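Residue numbers (this note's numbering): 136 to 185. Data first, discussion second: the structure below is written as structure tokens.
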Amino acid sequence: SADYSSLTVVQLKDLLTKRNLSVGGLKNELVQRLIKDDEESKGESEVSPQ
């Protein structure tokens, strides 16, 4: 999630291509995009109480 921001634009763009993510956004956009996708895959915090 944070390691992405540490990577270069080319590096981030490469990971996005492999992940099939939009690389049109700025570096920060690429980081949040990878962060969201990674968090979403893990399940993310979302439950419906009853």
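For each residue, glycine too, the CB sits at the ideal point set by N, CA and C.
- Counting only the Cα atoms, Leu169 lies some 14 Å from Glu179.
- DSSP places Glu175 within a helical segment (H, G or I) once states are collapsed to three.
- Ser136 carries a coil assignment under DSSP once its states are collapsed to helix, strand and coil.
- With respect to the C-alpha of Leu142, the residue from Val166, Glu181 and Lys177 having the closest C-alpha is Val166.
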